[PDB]
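Asks: mmCIF, C-alpha atoms, file final_30.cif:
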data_run
#
loop_
_atom_site.label_atom_id
_atom_site.label_comp_id
_atom_site.auth_asym_id
_atom_site.auth_seq_id
_atom_site.Cartn_x
_atom_site.Cartn_y
_atom_site.Cartn_z
CA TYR A 1 -6.46 -6.31 -4.98
CA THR A 2 -3.20 -8.25 -4.64
CA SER A 3 -2.33 -10.69 -1.87
CA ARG A 4 1.11 -11.27 -3.42
CA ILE A 5 2.34 -7.93 -2.06
CA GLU A 6 1.40 -9.13 1.42
CA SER A 7 3.36 -12.36 0.93
CA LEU A 8 6.34 -10.36 -0.32
CA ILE A 9 6.14 -8.06 2.72
CA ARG A 10 6.22 -11.07 5.06
CA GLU A 11 9.08 -12.59 3.05
CA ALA A 12 11.18 -9.45 3.45
CA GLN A 13 10.19 -9.49 7.13
CA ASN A 14 11.66 -12.96 7.62
CA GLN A 15 14.79 -12.02 5.68
CA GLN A 16 15.19 -8.87 7.79
CA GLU A 17 15.28 -10.79 11.07
CA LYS A 18 17.76 -13.28 9.62
CA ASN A 19 19.99 -10.35 8.66
CA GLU A 20 19.55 -8.60 12.02
CA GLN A 21 20.40 -11.78 13.94
CA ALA A 22 23.38 -12.52 11.69
CA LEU A 23 24.58 -8.97 12.39
CA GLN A 33 26.77 -14.87 4.67
CA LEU A 34 25.31 -11.57 5.86
CA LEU A 35 26.11 -10.08 2.45
CA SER A 36 24.02 -12.80 0.78
CA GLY A 37 21.10 -12.11 3.11
CA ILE A 38 21.38 -8.39 2.35
CA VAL A 39 21.38 -9.01 -1.41
CA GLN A 40 18.51 -11.47 -0.98
CA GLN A 41 16.66 -8.85 1.08
CA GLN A 42 17.16 -6.22 -1.63
CA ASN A 43 15.60 -8.54 -4.21
CA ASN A 44 12.60 -9.01 -1.90
CA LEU A 45 12.01 -5.26 -1.59
CA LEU A 46 12.35 -4.87 -5.37
CA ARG A 47 9.72 -7.54 -6.03
CA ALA A 48 7.35 -5.78 -3.60
CA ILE A 49 7.98 -2.39 -5.23
CA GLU A 50 7.19 -3.96 -8.61
CA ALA A 51 4.07 -5.64 -7.23
CA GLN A 52 2.88 -2.35 -5.73
CA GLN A 53 3.51 -0.49 -8.99
CA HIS A 54 1.28 -2.99 -10.81
CA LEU A 55 -1.49 -2.36 -8.27
CA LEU A 56 -0.74 1.37 -8.28
CA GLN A 57 -1.05 1.28 -12.07
CA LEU A 58 -4.46 -0.40 -11.87
CA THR A 59 -5.65 2.27 -9.43
CA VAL A 60 -4.64 4.94 -11.96
CA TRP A 61 -6.64 3.31 -14.77
CA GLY A 62 -9.57 2.84 -12.39
CA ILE A 63 -9.60 6.51 -11.41
CA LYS A 64 -9.63 7.56 -15.08
CA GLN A 65 -12.59 5.26 -15.75
CA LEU A 66 -14.54 6.81 -12.87
CA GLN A 67 -13.75 10.33 -14.09
CA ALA A 68 -15.18 9.39 -17.48
CA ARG A 69 -18.26 7.74 -15.94
CA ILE A 70 -19.03 10.69 -13.67
CA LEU A 71 -18.44 13.18 -16.50
CA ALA A 72 -20.92 11.26 -18.66
CA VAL A 73 -23.47 11.60 -15.85
CA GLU A 74 -22.65 15.27 -15.25
CA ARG A 75 -23.11 16.00 -18.96
CA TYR A 76 -26.30 13.92 -19.08
CA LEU A 77 -27.96 15.90 -16.28
CA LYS A 78 -26.92 19.12 -18.04
CA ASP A 79 -28.28 18.03 -21.43
CA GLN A 80 -31.65 17.18 -19.87
CA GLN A 81 -32.19 20.90 -19.20
CA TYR B 1 -3.61 10.37 3.54
CA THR B 2 -0.53 9.32 5.50
CA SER B 3 2.26 11.60 6.71
CA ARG B 4 4.10 8.62 8.22
CA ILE B 5 5.28 7.53 4.76
CA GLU B 6 6.86 10.97 4.35
CA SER B 7 8.66 10.63 7.69
CA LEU B 8 9.88 7.17 6.68
CA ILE B 9 11.15 8.53 3.35
CA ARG B 10 13.15 11.22 5.15
CA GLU B 11 14.43 8.64 7.64
CA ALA B 12 15.74 6.43 4.84
CA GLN B 13 17.20 9.59 3.29
CA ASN B 14 19.26 10.33 6.41
CA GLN B 15 20.36 6.69 6.66
CA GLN B 16 21.38 6.71 2.98
CA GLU B 17 23.77 9.65 3.42
CA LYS B 18 25.26 8.04 6.52
CA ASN B 19 25.91 4.90 4.48
CA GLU B 20 27.28 6.83 1.49
CA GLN B 21 29.66 8.82 3.70
CA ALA B 22 30.75 5.70 5.59
CA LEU B 23 31.48 4.10 2.20
CA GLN B 33 29.58 -0.36 10.90
CA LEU B 34 28.57 0.13 7.27
CA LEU B 35 26.87 -3.27 7.37
CA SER B 36 24.73 -2.11 10.30
CA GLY B 37 23.73 1.04 8.43
CA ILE B 38 22.83 -1.05 5.38
CA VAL B 39 20.68 -3.41 7.45
CA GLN B 40 19.14 -0.40 9.23
CA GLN B 41 18.47 1.17 5.82
CA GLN B 42 16.76 -1.99 4.57
CA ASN B 43 14.41 -1.93 7.55
CA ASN B 44 13.55 1.69 6.74
CA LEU B 45 12.61 0.86 3.14
CA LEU B 46 10.53 -2.10 4.34
CA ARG B 47 8.56 0.08 6.76
CA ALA B 48 7.87 2.56 3.94
CA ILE B 49 6.77 -0.22 1.58
CA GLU B 50 4.40 -1.47 4.28
CA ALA B 51 3.10 2.05 4.93
CA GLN B 52 2.50 2.58 1.21
CA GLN B 53 0.70 -0.76 0.90
CA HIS B 54 -1.70 0.31 3.67
CA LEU B 55 -2.43 3.54 1.79
CA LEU B 56 -2.51 1.67 -1.53
CA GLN B 57 -5.03 -0.72 0.05
CA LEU B 58 -7.26 2.16 1.14
CA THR B 59 -7.19 3.58 -2.39
CA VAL B 60 -8.40 0.20 -3.70
CA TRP B 61 -11.36 0.12 -1.29
CA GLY B 62 -12.12 3.75 -2.12
CA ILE B 63 -12.21 3.07 -5.86
CA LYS B 64 -14.63 0.16 -5.34
CA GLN B 65 -16.93 2.40 -3.30
CA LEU B 66 -16.98 5.02 -6.06
CA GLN B 67 -17.72 2.36 -8.69
CA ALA B 68 -20.72 1.26 -6.62
CA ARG B 69 -21.89 4.84 -6.06
CA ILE B 70 -21.65 5.79 -9.74
CA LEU B 71 -23.34 2.54 -10.80
CA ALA B 72 -26.23 3.31 -8.45
CA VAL B 73 -26.58 6.70 -10.15
CA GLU B 74 -26.23 5.22 -13.65
CA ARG B 75 -28.95 2.67 -12.86
CA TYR B 76 -31.14 5.35 -11.25
CA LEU B 77 -31.09 7.56 -14.35
CA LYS B 78 -31.92 4.50 -16.47
CA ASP B 79 -34.82 3.41 -14.26
CA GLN B 80 -36.36 6.90 -14.46
CA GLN B 81 -37.02 6.30 -18.17
CA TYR C 1 0.78 8.21 -14.76
CA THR C 2 4.55 8.05 -14.27
CA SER C 3 7.03 6.29 -16.55
CA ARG C 4 9.90 7.32 -14.25
CA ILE C 5 8.93 4.60 -11.75
CA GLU C 6 9.30 2.05 -14.55
CA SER C 7 12.78 3.37 -15.40
CA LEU C 8 13.73 3.22 -11.71
CA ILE C 9 12.47 -0.38 -11.47
CA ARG C 10 14.64 -1.39 -14.44
CA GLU C 11 17.59 0.51 -12.96
CA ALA C 12 17.32 -1.41 -9.69
CA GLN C 13 16.95 -4.57 -11.79
CA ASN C 14 20.31 -3.97 -13.50
CA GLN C 15 21.96 -3.11 -10.18
CA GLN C 16 20.53 -6.28 -8.61
CA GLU C 17 22.13 -8.57 -11.21
CA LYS C 18 25.45 -6.75 -10.84
CA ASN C 19 25.28 -7.38 -7.09
CA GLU C 20 24.20 -11.01 -7.50
CA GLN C 21 27.03 -11.72 -9.95
CA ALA C 22 29.57 -9.91 -7.76
CA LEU C 23 28.38 -12.11 -4.87
CA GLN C 33 32.93 -3.26 -4.51
CA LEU C 34 29.88 -5.32 -3.60
CA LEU C 35 29.22 -2.91 -0.72
CA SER C 36 29.11 -0.01 -3.18
CA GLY C 37 26.65 -1.86 -5.40
CA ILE C 38 24.48 -2.62 -2.37
CA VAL C 39 24.47 1.03 -1.28
CA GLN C 40 23.81 2.08 -4.88
CA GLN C 41 20.97 -0.45 -5.02
CA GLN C 42 19.44 0.94 -1.82
CA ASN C 43 19.40 4.43 -3.31
CA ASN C 44 17.60 3.04 -6.37
CA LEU C 45 14.84 1.45 -4.27
CA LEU C 46 14.47 4.68 -2.27
CA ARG C 47 14.01 6.75 -5.44
CA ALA C 48 11.34 4.31 -6.63
CA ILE C 49 9.55 4.41 -3.26
CA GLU C 50 9.56 8.21 -3.46
CA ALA C 51 8.32 8.13 -7.06
CA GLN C 52 5.51 5.75 -6.11
CA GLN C 53 4.51 7.90 -3.13
CA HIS C 54 4.13 10.89 -5.47
CA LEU C 55 1.85 8.83 -7.72
CA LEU C 56 0.12 7.31 -4.69
CA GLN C 57 -0.46 10.85 -3.42
CA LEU C 58 -2.05 11.90 -6.72
CA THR C 59 -4.38 8.89 -6.57
CA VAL C 60 -5.51 10.01 -3.11
CA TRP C 61 -6.34 13.53 -4.30
CA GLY C 62 -8.08 12.07 -7.35
CA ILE C 63 -10.28 9.80 -5.24
CA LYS C 64 -11.34 12.75 -3.05
CA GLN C 65 -12.29 14.74 -6.15
CA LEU C 66 -14.46 11.89 -7.42
CA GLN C 67 -16.15 11.54 -4.03
CA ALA C 68 -17.04 15.24 -4.18
CA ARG C 69 -18.25 15.00 -7.78
CA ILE C 70 -20.45 11.96 -7.13
CA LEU C 71 -21.82 13.49 -3.92
CA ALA C 72 -22.79 16.62 -5.87
CA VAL C 73 -24.69 14.39 -8.31
CA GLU C 74 -26.26 12.32 -5.52
CA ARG C 75 -27.45 15.50 -3.80
CA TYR C 76 -28.66 16.96 -7.11
CA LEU C 77 -30.89 13.97 -7.87
CA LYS C 78 -32.26 14.17 -4.32
CA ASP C 79 -33.00 17.90 -4.52
CA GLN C 80 -34.93 17.40 -7.78
CA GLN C 81 -37.58 15.49 -5.80
#
Take the structure in the file and give it back as structure tokens.

Replies:
Amino acid sequence: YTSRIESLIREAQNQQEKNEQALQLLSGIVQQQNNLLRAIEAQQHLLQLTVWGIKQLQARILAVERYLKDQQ
Amino acid sequence: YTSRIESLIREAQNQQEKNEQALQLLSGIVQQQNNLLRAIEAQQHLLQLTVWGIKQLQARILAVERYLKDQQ
Amino acid sequence: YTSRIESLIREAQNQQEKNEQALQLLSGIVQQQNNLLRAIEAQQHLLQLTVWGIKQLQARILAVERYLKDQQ
């Protein structure tokens, strides 16, 4: 879970409209590119946690699969 | 699963070449930034579903782990 | 796992500072937009693998859930 990614998505949304209405535009485009980068970084942190969480589940289910096989 | 993210990736790909060949460029750069934002939003929706799906699995495997412990 | 996404995040980080200090800027902005696109594509590949991995776990845990029900 991360609500920061949501806040970054809305922040790039506001910066996008300000660029579209202005189309100082170069500063809003550079500022917009920093917003997208922060969101990509925030997603990669959450995407990294989902990778570690999938590995944990694969180890937990394999321990159960091997347990039910050893009982026989 | 989401095939929309793929379509958005190809759409930013076409807009990238049009900007690289043009390098009206400001409009293609603003249009490109909206494409990347849509893809980031589409990935966050899929990344959100993968978070809920991992929690469900952790509850399902914990129910099985506790079941095999209660049987003893 | 993918360390390429990390390298792409740092590469967009270096390009962001070069754009912020320059604020030839148009070329750095187009070059920055290609960096973010590569990272979005690299995350979607990893996000796709996490989707296939969650489906596999759901099938493995359902096989165990059905096994413990058939034993009764």

Asks: Translate the PyMOL selection byres ((chain C) within 12 of (chain B)), as applied to the file shown, into an explicit residue set as a PyMOL selection string.

Replies: chain C and resi 33-78

Asks: Quick one: pull the distance between CA of residue 11 in chain C and CA of residue 15 in chain B, Å, one decimal.

Replies: 20.8 Å

Asks: Would you work out the distance separating CA of residue 4 in chain A from CA of residue 22 in chain A, expressed in Å to one decimal?

Replies: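 CA of residue 22 in chain A lies at a distance of 26.9 Å from CA of residue 4 in chain A.
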
Asks: What is the CA of residue 81 in chain A to CA of residue 80 in chain C distance in Å?

Replies: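 If I compute the distance from CA of residue 81 in chain A to CA of residue 80 in chain C, I get 12.3 Å.
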